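1. pasting the sequence and an experimental structure:
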Amino acid sequence: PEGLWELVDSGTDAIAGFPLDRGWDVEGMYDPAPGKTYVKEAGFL
Amino acid sequence: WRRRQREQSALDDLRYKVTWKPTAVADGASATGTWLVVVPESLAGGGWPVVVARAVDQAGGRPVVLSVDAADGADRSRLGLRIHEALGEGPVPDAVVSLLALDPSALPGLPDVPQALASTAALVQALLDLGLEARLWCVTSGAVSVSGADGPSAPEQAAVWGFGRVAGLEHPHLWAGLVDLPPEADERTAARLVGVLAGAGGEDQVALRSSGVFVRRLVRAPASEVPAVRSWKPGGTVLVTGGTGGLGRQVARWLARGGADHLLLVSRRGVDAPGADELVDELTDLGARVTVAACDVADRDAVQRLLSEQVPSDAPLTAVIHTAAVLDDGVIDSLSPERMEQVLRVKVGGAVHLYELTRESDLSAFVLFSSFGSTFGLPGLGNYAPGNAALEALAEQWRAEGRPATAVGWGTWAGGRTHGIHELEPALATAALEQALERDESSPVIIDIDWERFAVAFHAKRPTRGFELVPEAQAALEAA
Amino acid sequence: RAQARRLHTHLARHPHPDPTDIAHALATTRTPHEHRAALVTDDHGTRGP
Ligand SMILES: Nc1ncnc2c1ncn2[C@@H]1O[C@H](COP(=O)(O)OP(=O)(O)O)[C@@H](O)[C@H]1OP(=O)(O)O
């Protein structure tokens, strides 16, 4: 929780690129229609 | 049909690229003993030096601020005297932190060498001279681009990164790694910096940004599924530096074999080269208008007059392939600023001069021939890597400016790395470049590897986690 | 070892904590696991090292 407090108080934006070790075809599943998505970053653990 | 399919399979089986995997912010540890921070005096007390000094202060370590004059950083012996007298009357340092790469300036007297690379070379070989056992870390600002959100990467710190990558594989104990930093200095970023610096190891090549922390890895990027666009058409004049050589010969004959209007070969010797007549005979056999030139591309005036007088008026310049440089092999001990100057005079000076003389004529493409040593680093390639590494950063700078540049990384063409990487056949390499050209890949890596031997040998030379996203690399590592 | 390092870092960022309170918290409010260690000293100059 102290990590949460120092994160939110500092105003840090904790959004970064998609994980690469999860087996996702991250280079292929990005398209800014049929079955793709137009976002390449979100909050991830 | 079957021939084309088998060729495409075998060609996509040897495609690679480099990416920046995000990773979780490590818990880190506490700084122990005393850490020796070396800084350029041009910065003085500005941003990063004061902040990282404070960061190591509250991390439990003892800072040692060592301001260095701009001229002093070049010489290894003078830097040895400076580091010895600064470190005198005290305990030996546990680790060394180098902010020397933060200086954005060139070396006076040797104008085509950055102060960053020369300072880094001086520091490493000075620490070799002093016999210190302290692990070395070098921090850079804006040296690499982890994502499209980043700005273009500068050439100097990219050369530093290449030099560090090659150096680490032959001095594992001294060289720990590199840590890129964002443009501005912040307390939280410096806290994370000292945290990763105090870590055990393994994360040699990392970068820090506002979003998080990233680590450099290598991935396969096969071109089978990528659609094509803006197909390759060598119309007009096409300039090829170092045409008389081997790589120049291969790329010239590849250009001629299909849709070549005019091939302007440039070399220091040109006609006098051993096989210029024999080469140009077969090259003009394919209906190519060949005018081999005899001039150095390093000097600005020579290229300036060559782009005016030797260019046909019936064929404007479209493509500019840059595959010329001197092979000045040298071990880390024997490296000196003059060798770096003569190598960078051609590897970087020619390319940047050719680029700058453009912006008045549209170019279809601007190819640069980096080596796989920049991506990997090999023993003995101390002087070879930095120019190759700077070539990519020049490429991203040019795409940021909005020109069609490419920084193709090459293995060993079939024409001193017999272990690991195999010799690429000429036709396969040419086809790989052909398919990469229209796909607008900013940094392909066309190299053939037998991971049965390459991965285990590379790990034995230095353990690393760069080759983790390649499944063959993981199979080879866990096999042993 | 990780527990010791974490406790050291936590104690570094604290203005003069009471050692007996730390002893009570460590003894009572934490599970006794298998691999154990103890620090017994009557001066607040050796616990850090
Ligand atoms: N400063 C420079 N300006 C122009 N061409 C240069 C150059 N330095 C090297 N080259 C070319 O770079 C080419 C390199 O051929 P090489 O076999 O030595 O290395 P490589 O294997 O990469 O082609 C040479 O043909 C050389 O042209 P000369 O034969 O005329 O020397």
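-> Yep, it's here. Residues are numbered from 1 along each chain as shown, chains lettered A, B, ... in the order given.
2. need the contact list for residue B:335.
-> B:121, B:125, B:382-383 (CB atoms under 8 Å, 6 or more residues apart in numbering or on different chains). From N, CA and C alone the C-beta is placed, and that goes for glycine too.
3. partners of the longest strand belonging to chain B, with directions?
-> Counting by DSSP state E, the longest strand found in chain B is strand B:15-23. Looking at strand B:15-23 with DSSP bridges, its partner strands are strand B:213-219 (antiparallel), strand B:445-446 (antiparallel).
4. report the contact partners of whichever residue of chain A sits closest to chain B.
-> The nearest approach of chain A to chain B comes at residue A:16, 3.9 Å away (CB to the nearest CB). Residue A:16 is in contact with A:41, A:44, B:22, B:211-212, counting by CB under 8 Å, 6+ apart.
5. ok, now residue B:467?
-> Counting by CB under 8 Å, 6+ apart, residue B:467 touches B:217-218, B:455, B:458, B:473-474, B:477.
6. would you mind measuring from it to residue B:251?
-> According to CB to CB, to the nearest Å, residue B:467 stands 29 Å off from residue B:251.
7. residue B:15 now?
-> Taken as CB to CB, the span from residue B:15 to residue B:251 is 19 Å.
8. of these two, who's got more company?
-> Legend: neighbour count by other CB atoms under 10 Å in any protein chain shown for residue B:15 and residue B:251, higher for residue B:251 (25 against 20).
9. tell me the secondary structure for the more buried one?
-> helix (DSSP: H, G, I helix; E, B strand; the rest coil).
10. near chain A, from the contacts of residue B:335?
-> Among those, not one lies near chain A by CB under 8 Å from any CB of the partner chain.
11. next, format these as CSV and append distance to chain C and secondary structure.
-> What follows is the contacts of residue B:335, written out as CSV (distance: CB to the nearest CB, whole Å; DSSP: H, G, I helix; E, B strand; the rest coil):
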residue, distance to chain C, secondary structure
B:121, 36, helix
B:125, 35, helix
B:382, 37, coil
B:383, 42, coil
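12. among the residues you listed, which pair sits farthest apart?
-> B:125 and B:383 (12.9 Å; CB to CB).
13. between those two, point out the one with more neighbours.
-> Ranked by neighbour count (other CB under 10 Å), residue B:125 and residue B:383 place residue B:383 first, with 26 against 21.
14. residues contacting the more buried one?
-> Taking CB under 8 Å, 6+ apart, one finds B:328-330, B:335, B:339-340, B:343 in contact with residue B:383.
15. 6 Å instead, please
-> B:328, B:330, B:335, B:339, B:343 (CB atoms under 6 Å, 6 or more residues apart in numbering or on different chains).
16. need the three-state assignment for the closest residue to residue B:197 other than its chain neighbours.
-> Once flanking residues are discounted, residue B:197 sits nearest to residue B:137: 5.5 Å by CB to CB, 6 or more residues apart in numbering or on different chains. Following three-state DSSP, residue B:137 is assigned to strand.
17. tally of neighbours for residue B:137?
-> 20.
18. distance of it from residue B:194?
-> Separation of residue B:137 from residue B:194 (CB to CB): 10 Å.
19. go on, residue B:433?
-> Residue B:433 is 43 Å from residue B:194, by CB to CB.
20. neighbour count: the two, which is higher?
-> The neighbour count for residue B:433 versus residue B:194, taken as other CB under 10 Å, is higher for residue B:194 (24 against 21).
21. from chain A, how far off is the more buried one?
-> 16 Å (CB to the nearest CB, to the nearest Å).
22. ranges for the strands of chain A?
-> Using DSSP E, strands in chain A cover A:16-17, A:41-42.
23. now do the same contact list for the spatially closest residue to residue B:425 that is not a sequence neighbour.
-> Closest residue to residue B:425 apart from its sequence neighbours, by CB to CB, 6+ apart: residue B:414 at 5.4 Å. By CB under 6 Å, 6+ apart, the contact list for residue B:414 reads B:423-425.
24. and whichever strand or helix holds residue B:456, what does it pack onto?
-> Per DSSP states H and E, residue B:456 falls inside helix B:454-461. Helix B:454-461 is packed against helix B:471-479, with contacts defined by 3 or more CB pairs under 6 Å, 6 or more residues apart in numbering or on different chains; DSSP states H and E.
25. show me where chain A has its helices.
-> Along chain A, counting by DSSP state H, helices occupy A:2-10.
26. count the residues that sit near residue 22.
-> No chain was given, so I picked chain A. For residue A:22, the count of nearby residues is 8 (other CB under 10 Å).
27. correction: the question concerned chain C.
-> Neighbour count for residue C:22, taken as other CB under 10 Å: 15.
28. nearest residue to it other than its sequence neighbours?
-> Using CB to CB, 6+ apart, the nearest residue to residue C:22 is residue C:11, at 7.6 Å.
29. just say helix, strand or coil for that neighbour.
-> helix.
30. that one and residue C:2: what is the separation?
-> Residue C:11 is 15 Å from residue C:2, by CB to CB.
31. go on, residue B:398?
-> Applying CB to CB to residue B:398 and residue C:2 gives a distance of 47 Å.
32. circling back: okay, the strands paired with strand B:15-23 in CSV with mean neighbour count and distance to residue B:52 next?
-> Shown next, in CSV, are those (neighbours: other CB atoms under 10 Å in any protein chain shown; distance: least, CB to CB, whole Å):
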stretch, mean neighbour count, distance to residue B:52
strand B:213-219, 21, 16
strand B:445-446, 24, 33
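33. pipe those strands into JSON lines and attach distance to residue B:74 per row.
-> What follows is the strands paired with strand B:15-23, written out as JSON lines (distance: least, CB to CB, whole Å):
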{"stretch": "strand B:213-219", "distance to residue B:74": "28"}
{"stretch": "strand B:445-446", "distance to residue B:74": "33"}
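34. which of the ones you listed sits closest to residue B:322?
-> Of these, nearest to residue B:322 by CB to CB is strand B:445-446, at 16.5 Å.
35. what does the longest strand of chain B contact?
-> Contacts with strand B:15-23, where a contact means CB under 6 Å, 6+ apart, come from A:16-17, A:20, B:146, B:212-223, B:375, B:445.
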